[PDB]
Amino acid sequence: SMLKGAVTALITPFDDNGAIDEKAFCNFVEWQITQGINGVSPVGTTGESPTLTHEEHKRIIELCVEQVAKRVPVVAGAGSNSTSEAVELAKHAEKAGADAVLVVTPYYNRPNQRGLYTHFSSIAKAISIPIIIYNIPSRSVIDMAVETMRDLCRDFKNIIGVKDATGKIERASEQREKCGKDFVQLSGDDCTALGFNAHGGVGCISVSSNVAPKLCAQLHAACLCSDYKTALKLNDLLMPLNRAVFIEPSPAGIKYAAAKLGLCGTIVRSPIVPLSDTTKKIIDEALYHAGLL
């Protein structure tokens, strides 16, 4: 019931040595809130969860929860391709005060639909707070079928929605039909988020909103009230950025953008690396198009 509109997949700012910059993080979360973001999602993919330790993951969530002071929902990443690790991560996120967890389909080991059911069901039984399934075939190769999604949301009261990063907007409809109008569908793809909403989504767990939280929340508020005229005008401001920040592997591009706005430094953890100067120029053009410079 809480999750709709623009929800930022928070970057995790690092210092010159690659250590977490806590102050930059907290100042970034405050800004996101005062700019009008409708929710935040710490320690996901965009937050460099693959290269964070368990201790860092906990700490970032703790800081994020404390800085937010309940003003907006906190949907923390708790993803792994190991079910027992995902269980431990979701439990930590709950202890650290998260309002829900975002849990990706296991990547690399390519489980089947029964494997997906065992994975998400084990997590669901281990915690009390709600779970958003993060379906992303472009990264995990496998894909959670709608029927599996239905089974999980029907069998567990705390499995309540999806971050649909398929960018295949027809899925929004099938999911609405088979999981219900009550199934909370958030886009996981800025590039198709507008169309996603038209098909039944109610917002986006966003990358671009790291640097444009106001415009993103405006676009999604426009969608929530059925003002698609305004939504299409805003989309047009954002699309070039939406694309540009995925030219090179994320979050190199969204971090450079934040950095251009003075929000953090550009440092990322290997195998994520610095942008080439061509990509930098293209992000600059896109930021200018959006009115952010």
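Residue numbers here begin at 1 and follow the sequence given.
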Which of the two stretches, 39-47 or 224-232, shows the higher mean Cα temperature factor in the record? 224-232
Identity of residue with top Cα B-factor, from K163, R139, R154, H199: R154
When the deposited Cα B-factors of this chain's modelled residues are ordered and cut into thirds, is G253 in the lowest, the middle or the highest one? middle
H54: CA B-factor among chain residues, third -> middle
Ranked C-alpha temperature factor of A9 among modelled chain residues, by third: lowest
Once the chain's modelled residues are ordered by C-alpha B factor and cut into thirds, is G18 in the lowest, middle or highest one? highest
Give the position of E94 by CA B-factor within its chain, expressed as the lowest, middle or highest third. highest
